[PDB]
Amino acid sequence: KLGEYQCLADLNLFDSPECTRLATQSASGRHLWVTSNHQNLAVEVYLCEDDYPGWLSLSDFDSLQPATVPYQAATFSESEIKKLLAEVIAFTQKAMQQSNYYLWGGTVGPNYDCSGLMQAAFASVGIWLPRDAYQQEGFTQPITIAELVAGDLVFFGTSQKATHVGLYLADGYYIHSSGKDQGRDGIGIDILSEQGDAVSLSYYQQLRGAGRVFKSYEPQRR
């Protein structure tokens, strides 16, 4: 009906009430806020941990249970984050070992989009990033390319906006999920170098910058 629910299954959230384009996916256990805005047998919701808005099919209501304990965001110090980055990187490596393909809006696995892999990898240790690549760029602390260290985010796009993100490893290498047309159709490793293969070069040409995760996302009120 209305208010805070928790999901009992992985749920697809869409950009619009038409439900033709996936915006994100809400892993079982996550909390969401259900509004009274119904259109086209869908309902407008937002996810509690990242404030991400979308549309849920009304047929997924059987997979919602009312929350009895409200979601309250945990606070991480920069040191706490630093200690968890090994697990974040390991998540991406484990993901790369599964059969996977790029999935627009993919967030629960095994199929991810670029910003969805980042969110999932950080959320596997309880750190919340916003969902979209341009939001991740805005949420992290900008650093120079020279300052990149393992677990920093690398941003790519146009001069106007970030449209792609990856996770830095070492010595120019980074892990990301990339699409069929420009990339690898799933998770792989590229290098920020003109000495890379053709896929690497194509992303290198689009490099915008880099960011460091220094806090976990605290939801707006509300």
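Sequential numbering from 1, following the sequence displayed.
When the C-alpha B-factors of 17-25 and 194-202 are averaged, 194-202 comes out higher.
Per the PDB record, of the two stretches 59-67 and 160-168, 59-67 carries the greater mean B-factor over its C-alpha atoms.
Residue-level inspection of the entry shows that, of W104, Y101, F91, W128, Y101 has the top Cα B-factor.
Residue-level inspection of the entry shows that, of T144, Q119, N111, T140, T144 has the top Cα B-factor.
In the PDB entry, a CA B factor belonging to the lowest third of its chain's modelled residues is recorded for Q6.
In the deposited entry, the Cα temperature factor of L41 sits in the top third of values across the chain's modelled residues.
Sort the chain's modelled residues by C-alpha temperature factor and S124 lands in the lowest third, per the entry. Remark: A133 belongs to the highest third of its chain, ranked by C-alpha B-factor as recorded. Annotation for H31: CA B-factor lies in the middle third of the chain's modelled residues.
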